[PDB]
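Participant: Requesting a structural model of the entry that follows:
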Amino acid sequence: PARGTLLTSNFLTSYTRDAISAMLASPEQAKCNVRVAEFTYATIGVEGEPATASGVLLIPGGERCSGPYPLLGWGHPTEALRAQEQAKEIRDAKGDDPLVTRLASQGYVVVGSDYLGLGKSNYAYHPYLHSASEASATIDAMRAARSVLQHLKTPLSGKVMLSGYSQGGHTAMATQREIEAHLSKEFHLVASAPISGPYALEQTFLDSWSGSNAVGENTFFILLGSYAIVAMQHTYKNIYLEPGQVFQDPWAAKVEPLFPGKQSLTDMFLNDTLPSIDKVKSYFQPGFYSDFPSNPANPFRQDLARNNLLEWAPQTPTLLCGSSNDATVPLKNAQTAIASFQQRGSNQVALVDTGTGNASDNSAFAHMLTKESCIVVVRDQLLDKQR
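Facilitator: Residues are numbered from 1 along each chain as shown. This is the structure:
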């Protein structure tokens, strides 16, 4: 099966323009009804072998919303529940999701892949924070969606845009880099707006390795760090033979099945499935824990480095969004990225900060606030202007 081939597609539900406006009034108003669709497609694994993945497709429509519509590829945030599908989540939430209320309702066709190893994908694990497969998964999700859209005769303008939140920001940028480098004829990319993504991946882990960074405590670090470790091992198979080489017991024997597994990140954190950040020294093996921040040859550190998104020159008008209150993914990531891009001859990337400006609000939880806040900001400041 050629990459991007549409295997199955199904329409779940639809939300009226008024119902969406009602949610927004709880005053921005929707201009489009929104149809929720799901689909599965052919794509590739981290070794280029065949694999499948699932995705979500939001289609705008309405008397005050005639086409043509731009196509926006979206990268979702860290997902530890293997079976999780975005389309069904939106359906369960009855349209209560910013992708519907802020973008699709305004005329943006939204396409998002559940990523390899998640949703309906047949991949044995999820290549968490793996630039190449995050990009290939997104690219192919967009290819399959275009087939669904063509069959429906949905009017597309031809313009393509990208965005994503958290891990999704990393996904969005990784996808942008891949398109510009090889697929500019297939995808006419006119705007990219990564949100709170760890572009300076390796340095981000180094900075929060103690459990806290310049911004504040990185509360979810044990969970996000463990996911990265297990994933990078799966992807590169160069960190350890037994989890016991990296984690202390009893965590060594229970960590791999969780990323991804039968538990959502919320579940794990609320029920202390893994120790809290203040007990990090009893979690990671002392050797590994001290070696990572002081040894650039550390295999996990090397795998993170291979997934940095700094060494290139963005050509698409880009707007990195995030918050100075964010202690989960420090805005330093965007700043470092900008400096790197400018040093490589690119002036296409801008930055916007949605933080309160009050250090009193710095927090790991300020991270989730950037999702809708930034969706709105990047849409108003960049996306709308590139339609």
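Participant: Could I get the full set of strands for the stretch 101-250 of the chain?
Facilitator: Listed in chain order, the strands found in the stretch 101-250 of the chain under DSSP state E, counting those that start in this stretch are 109-113, 156-165, 188-195.
Participant: for the residue nearest the centre of the chain, what are its contacts?
Facilitator: Here the mean C-alpha position of the chain is nearest to the C-alpha of residue 168 (CA atoms, centre = their mean), at a distance of 1.0 Å. By CB atoms under 8 Å, 6 or more residues apart in numbering, the residues touching residue 168 are 74-77, 194-195, 197. Using the backbone N, CA and C atoms, a C-beta is placed for each residue, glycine as well.
Participant: do residue 365 as well
Facilitator: With CB under 8 Å, 6+ apart, residue 365 has these contacts: residue 219.
Participant: Now the phi/psi pair for it, please.
Facilitator: Listed backbone geometry of residue 365 is phi -80, psi -10, with angles given as degrees, to the nearest 10.
Participant: can you check residue 284 too?
Facilitator: The main-chain torsion angles of residue 284 are listed as degrees, to the nearest 10 and equal phi -80, psi 150.
Participant: residues contacting the closest residue to it other than its chain neighbours?
Facilitator: Spatial nearest neighbour of residue 284, chain neighbours left out: residue 247 (6.2 Å); criterion: CB to CB, 6 or more residues apart in numbering. Residues near residue 247 by CB under 8 Å, 6+ apart: 226, 255, 283-285.
Participant: repeat that with 10 Å
Facilitator: Listed by CB atoms under 10 Å, 6 or more residues apart in numbering, the contact set of residue 247 reads 226, 229-230, 240, 253-256, 274, 283-285, 288-289.
Participant: so residue 215 touches residue 333, yeah?
Facilitator: No: between residue 215 and residue 333 there is no contact under CB atoms under 10 Å: 11.1 Å.
Participant: Give the residues shared as contacts by the two.
Facilitator: Counting by CB under 10 Å, 6+ apart, the residues touching both residue 215 and residue 333 are 207, 326.
Participant: Could you check how far the nearest residue to residue 116 once chain neighbours are set aside is from residue 200?
Facilitator: Leaving aside its chain neighbours, residue 116 sits nearest to residue 123 (4.1 Å; criterion: CB to CB, 6+ apart). Distance, residue 123 to residue 200, by CB to CB, to the nearest Å: 27 Å.
Participant: Over to residue 300?
Facilitator: Using CB to CB, one obtains 16 Å as the distance from residue 300 to residue 200.
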